Amino acid sequence: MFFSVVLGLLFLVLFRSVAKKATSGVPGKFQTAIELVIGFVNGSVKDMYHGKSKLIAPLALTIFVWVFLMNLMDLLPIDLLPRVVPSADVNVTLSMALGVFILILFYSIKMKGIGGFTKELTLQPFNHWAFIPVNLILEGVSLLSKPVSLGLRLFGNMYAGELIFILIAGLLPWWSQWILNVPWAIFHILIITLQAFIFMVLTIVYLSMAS
Amino acid sequence: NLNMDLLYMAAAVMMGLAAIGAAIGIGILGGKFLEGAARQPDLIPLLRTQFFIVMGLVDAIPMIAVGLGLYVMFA
Amino acid sequence: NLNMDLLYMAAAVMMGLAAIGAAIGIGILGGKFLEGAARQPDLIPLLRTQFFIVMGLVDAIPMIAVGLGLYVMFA
Amino acid sequence: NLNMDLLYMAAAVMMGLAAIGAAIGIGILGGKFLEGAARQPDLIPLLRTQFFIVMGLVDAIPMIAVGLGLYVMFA
Amino acid sequence: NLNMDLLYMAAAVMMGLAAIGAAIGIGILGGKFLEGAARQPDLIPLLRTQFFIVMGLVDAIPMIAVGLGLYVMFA
Amino acid sequence: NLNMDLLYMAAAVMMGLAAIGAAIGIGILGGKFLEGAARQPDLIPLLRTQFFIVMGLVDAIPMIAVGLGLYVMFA
Amino acid sequence: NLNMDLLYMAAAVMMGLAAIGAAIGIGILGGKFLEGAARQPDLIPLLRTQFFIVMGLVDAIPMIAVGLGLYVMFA
Amino acid sequence: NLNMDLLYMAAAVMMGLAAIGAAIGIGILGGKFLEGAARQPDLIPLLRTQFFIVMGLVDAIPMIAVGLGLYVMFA
Amino acid sequence: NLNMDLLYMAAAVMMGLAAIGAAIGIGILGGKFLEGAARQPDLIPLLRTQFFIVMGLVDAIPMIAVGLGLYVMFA
Amino acid sequence: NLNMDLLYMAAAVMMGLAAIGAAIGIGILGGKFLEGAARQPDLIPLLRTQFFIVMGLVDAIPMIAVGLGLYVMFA
Amino acid sequence: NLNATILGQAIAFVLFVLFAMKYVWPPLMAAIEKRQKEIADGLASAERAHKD
Amino acid sequence: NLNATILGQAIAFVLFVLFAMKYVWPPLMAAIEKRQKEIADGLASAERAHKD
């Protein structure tokens with residue numbers, strides 16, 4: 001399944017690269033040019049923590065950092081020239097790990113805190129408040145689906161964006177247009193990844209505050 | 001033919017006109033963020049997260065329109 | 001054919017144009033929240049719940065439009 | 001066929017476009033509630049009931065549109 | 001058939017789009033009532049009757065639209 | 001048949017969409033009356049007659065639209 | 001022929017009408033930037049980046065509309 | 001014939017309606033420039049470049065609409 | 001016949017609806033000029049040239065719409 | 001027949017919808033004139049000529065729409 | 001990614017995190033902490049000494 | 001019909017390598033040098049203050 005299996009292979013490779021690069025450069029050096037940046041990441045990540053802060057701080061902190069790292073993999077395909085069947089269903093694959101992991105995440109806070117021991121009680125006087133079950137139920141379902149809908153929607157929006165900018169650039173015989181698009185699209189991409197970490201933080205600060 | 005023609009017309013209708021509402025609404029929010037921060041600079045870290053929440057909720061209404069557009073084009 | 005073509009055109013019409021009203025309306029509310037908190041920061045926990053109530057009521061009008069759209073597409 | 005096609009097109013037209021008016025109007029009211037309470041916090045229990053009355057009257061105009069939509073779909 | 005199809009399309013057109021004007025207009029008035037009372041609480045019994053008069057006059061414009069809609073559906 | 005179908009579609013078009021302008025415009029005026037009286041209560045008997053004049057002039061534009069609608073339905 | 005005609009009509013519909021929302025929304029933001037900087041000149045380097053973020057988010061809604069337009073024209 | 005007729009209708013649709021958004025948006029910006037300079041004349045050389053940037057970004061949305069129009073007319 | 005009919009419909013569509021944007025936008029600018037000069041009369045010779053620049057840029061968007069209209073009518 | 005029918009539909013389209021932009025824009029200007037003179041009565045002979053210039057420029061955009069309408073009806 | 005490639009890709013992510021925590025977080029968290037403890041330390045010493 | 005996009009990317013990478021290296025390095029240098037310089041200055045001047 002080249003156009004398929006080759007794709008999952010690709011995204012898997014990126015994720016591994018994240019894993020090893022972590023401990024490897026982390027034992028060293030960083031050093032200082034490197035150290036200071038690591039400070040931006042970790043410390044800005046701490047300011048971000050406050051807000052959700054303590055609950056997932058190891059769990060979510062490690063995660064979001066890994067999310068920037070793994071998220072850069074798409075920038076790599078954009079960075080390539082700056083032909084597929086890695087990155088199409090490797091991008092679908094990332095949308096699946098991320099969005100699937102998000103549906104998983106609602107549960108992970110659910111059991112991790114109540115939250116979910118209390119989430120079964122979500123109906124509550126809230127379904128009585130608001131006395132109709134249609135309101136509370138449509139709301140909660142729209143929430144669980146909506147978390148997946150939002151996160152997956154962002155993921156696929158990103159992957160698709162990659163595919164499209166790629167198309168515009170590659171088909172055209174004239175290079176200049178492809179360049180301007182690709183540069184603008186590149187700023188776009190970086191913004192998108194940071195926006196992703198922010199989105200994880202948004203779902204998470206949700207979780208701390210959510211119910 | 002008639003069903004295919006109807007899909008392409010329907011895709012144009014649902015994609016463009018509804019998405020105008022967030023094009024305006026995302027801008028309304030950022031104008032409020034800029035005016036609020038200009039009037040009171042110390043309130044920046046309090047209202048910036050509100051602006052992001054609000055922009056994403058406004059952007060979700062077009063993403064619904066775009067979703068129907070893509071269903072009509074490709075589903 | 002004619003009935004199926006009418007469904008796809010109708011789905012585009014009801015989905016996109018009505019949803020513009022909340023795209024604007026959700027943004028109007030968040031702009032009021034941002035401007036109100038910038039003018040008086042101590043009123044944040046009082047008006048934030050009002051903003052959520054109000055955003056959900058505005059978002060329900062498009063969800064009605066989207067509901068008719070989905071009925072036309074899939075019912 | 002032609003009558004059935006006309007019903008589905010008519011349902012899309014009446015459902016979506018008119019409901020934009022409350023999507024905006026419900027939001028206009030909540031923005032006034034938030035701005036009024038931010039300017040004068042002691043007036044909250046006086047104007048909150050006004051906001052509810054006003055939101056329901058604005059929401060009734062789309063519910064009329066939705067009613068015609070449902071008549072066209074199911075009556 | 002063609003006349004009946006035209007009735008159902010016409011009913012959708014006249015019902016939904018015109019009623020947006022009061023959905024917005026009823027809300028504009030209540031926003032003015034809320035903002036006026038927040039700025040000057042002693043003026044509440046003077047301007048509340050004005051708000052009711054004004055809401056009913058704005059609501060009459062859609063009721064005209066709805067009337068034409070019902071004539072097309074049932075007359 | 002075609003002429004009769006055109007009358008019913010035309011009646012829907014002219015009745016609903018134009019009447020939105022006064023639904024909004026009657027409300028704009030009453031919002032100005034409420035805000036003007038809240039700011040300066042002594043000016044109430046001076047500006048109330050202005051509001052009535054102005055509401056009637058705005059309401060005449062839809063009554064023109066409604067007139068064309070009724071001509072199409074019944075003339 | 002009918003499918004090709006539908007593509008060209010659909011391209012016109014989705015391209016033009018939705019892009020009006022950012023034409024307005026990009027301008028709303030820059031008006032807020034200009035008014036905020038005129039009121040408080042020292043806040044310029046704080047709110048200029050907000051204006052750029054906000055303009056790009058508003059411009060993305062039309063770029064969605066334009067994308068559907070180009071798909072209809074060339075895909 | 002049908003494809004050519006569809007091109008000319010599509011060109012009219014995409015050219016005119018979307019370009020209204022900058023006709024309004026370019027004006028919104030210049031109104032902010034004029035009001036900002038009237039309130040604080042010393043800020044003129046700071047905000048004039050902002051107005052030009054902003055006008056060009058708003059004007060680019062119609063130029064997209066016009067581009068689709070010209071493609072439909074001549075491509 | 002069909003191509004000629006499409007030209008005349010397309011000319012009406014592109015001419016009228018897009019030109020509404022400057023009808024509004026030219027007025028927005030002159031309202032800003034009048035309000036800015038009323039607030040600060042000494043700034044008249046500074047902002048009058050800005051108003052002319054801005055009116056001409058807003059008027060160019062309809063002139064684009066009118067250009068497409070005339071092409072459809074006479075080209 | 002088809003060409004003549006297209007002329008009459010096109011005349012209605014270009015005449016009515018675009019002329020809404022000055023109906024609003026002429027009013028925006030006179031509202032600015034009234035508010036500017038109320039705030040600063042001594043500036044009346046300075047801003048009244050500005051209002052006339054501005055009203056005529058806004059009125060020219062519909063007169064373009066009306067011109068296309070009359071061409072379609074009588075040319 | 002017709003079947004199963006998406007699965008492999010995702011597992012690489014989950015395990016990637018676990019490896020970070022076990023190894024990086026030991027190497028990363030601790031290795032990075034040196035500047036925190038250090039700057040913090042020199043500053044603290046300064047303040048106390050000056051005060052007393 | 002020419003590659004030429006490689007060329008564009010390169011020139012952009014030139015101006016942007018200037019802009020990119022320049023801005024971060026003066027600040028980032030000031031930053032890492034600020035943490036270290038913090039522990040150091042506080043400690044040295046501190047020792048002076050305490051002893052004297």
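Residues numbered from 1 in each chain as written, not as in the entry; some residues may be left out. Chains lettered and ligands numbered in written order. Part of a larger assembly, values for the part shown. Heavy atoms only, no water. Residues with missing side-chain atoms left out of burial classes, pairs and counts.

This brings us to the overall build of chain K. Summing up its helical and strand segments, chain K has 1 helix and 0 strands in all. Whereas a compact globule of 52 residues would reach a radius of gyration of roughly 10 Å, chain K reaches 21 Å, over 25% beyond that. Dimensions of chain K along its principal axes, counting C-alpha atoms only, are 70 × 15 × 10 Å. (Helix = DSSP H or I, 4+ residues; strand = E, 2+ residues; numbered from the N terminus. Rg over C-alpha atoms; globule rule 2.2 N^0.38 Å.)

Now for the overall build of chain B. When helices and strands are tallied, chain B shows 2 helices and 0 strands. Compactness check: chain B gives a C-alpha radius of gyration of 17 Å against a globular reference of 11 Å for 75 residues, more than 25% above the reference. With the principal axes as the frame, chain B shows a C-alpha extent of 60 × 15 × 10 Å.

Before going further, it helps to spend a moment on the relation of the copies chain B and chain C. Two copies of one chain are present, and they are related through a rotation about an axis combined with an axial shift. Of the transformation superimposing chain B on chain C, the axial component is 0.0 Å and the angular component is 36°, with the fit at an RMSD of 0.0 Å. In this assembly the copies use different faces: only 5% of the residues contributing to the interface of chain B also contribute to that of chain C. (Least-squares fit on C-alpha atoms. Contact = heavy atoms within 4.5 Å.)

Here we take up unusual backbone geometry. Residue and element names in this part refer to chain A. Following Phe-30, the chain continues into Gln-31 via a peptide bond in cis, with omega recorded as 0°. By the secondary structure assignment, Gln-31 is in the loop between α1 (2-25) and α2 (32-49). Between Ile-114 and the following residue, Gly-115, the backbone shows a cis peptide bond with an omega angle of -10°. Secondary-structure assignment places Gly-115 in the loop between α4 (88-112) and α5 (116-119).

Where interface size is given, it is often the accessible area lost as the parts come together that is meant. Taken together, the contact pairs 21 residues of chain B with 16 residues of chain C. Among the secondary structure elements, those contributing two or more residues to the side of chain B that touches chain C are α1 (2-39) and α2 (44-74) of chain B. Of the residues forming the side of chain B that touches chain C, the biggest block, 15 residues, is contributed by α1 of chain B. Here the side of chain B that touches chain C is built from residues that sort into 15 nonpolar, 5 polar and 1 charged. (Nonpolar A, V, L, I, M, F, W, Y, C, P; charged D, E, K, R; others polar.)

Residues and elements named next belong to chain B. Taken from the UniProt record, the annotation "transmembrane region" applies to residues 9-29 and 51-71. A helix fraction of 100% and a strand fraction of 0% characterise residues 9-29, whose end C-alpha atoms lie 32 Å from each other. End-to-end, the C-alpha atoms of residues 51-71 are 30 Å apart, and along that stretch the chain is 100% helix and 0% strand. (UniProt positions renumbered as here; feature names shortened; annotations may be inferred.)

Attention shifts here to the relation of the copies chain I and chain J. For these two chains of identical sequence, chain I goes onto chain J by a turn of 36° and a shift of 0.0 Å along the axis, with RMSD 0.0 Å. Mapped onto chain J, only 6% of the interface residues of chain I are again interface residues, and the two copies thus contact each other with different surfaces.

Attention now moves to the interface of chain I and chain J. Taken residue by residue, the interface counts 16 residues in chain I and 21 residues in chain J. Of the residues that constitute the side of chain I that touches chain J, the class distribution is 11 nonpolar, 4 polar and 1 charged.

So, on to the arrangement of the chains. Regarding chain A and chain D, the two do not touch, and the least distance separating their C-alpha atoms is 15 Å. Spatially, chain B and chain H are disjoint, and the shortest separation between their C-alpha atoms is 10 Å.

Here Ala-19 of chain F shows up in helix α1 (residues 2-39). Residue contacts for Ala-19 of chain F: discarding those within four places in its chain leaves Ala-18 and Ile-61 of chain E together with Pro-62 of chain F.

Here the UniProt-annotated "transmembrane region" positions come out as residues 10-30 of chain K. As a span, residues 10-30 of chain K carries 100% helix and 0% strand, and end to end its C-alpha atoms are 28 Å apart.

Residues and elements named next belong to chain H. Between helix α1 (residues 2-39) and helix α2 (residues 44-74), the shortest axis-to-axis distance is 8 Å and the interhelical angle comes to 175°. Relative to α2, the element α1 lies roughly antiparallel. Contacts between α1 and α2 involve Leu-7, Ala-11, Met-14, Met-15, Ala-18, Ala-19, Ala-22, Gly-25, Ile-26 and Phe-33 from the former and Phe-51, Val-58, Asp-59, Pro-62, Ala-65, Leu-68, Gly-69, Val-72 and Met-73 from the latter. Classifying every residue of the contact of α1 with α2 by side-chain character gives 16 nonpolar, 2 polar and 1 charged. (Axes fitted to C-alpha atoms, helices over the stretch in contact; angles between N-to-C directions. Parallel < 35°, antiparallel > 145°, perpendicular 65-115°, else oblique.)

What follows deals with the environment of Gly-69 of chain H. Residue and element names in this part refer to chain H. Structurally, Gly-69 can be placed in helix α2. Sequence separation of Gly-69 and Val-13 is 56 residues, and the distance between their C-alpha atoms is 8.1 Å. Dropping the residues within four chain positions of it, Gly-69 is found in contact with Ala-11 and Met-14.

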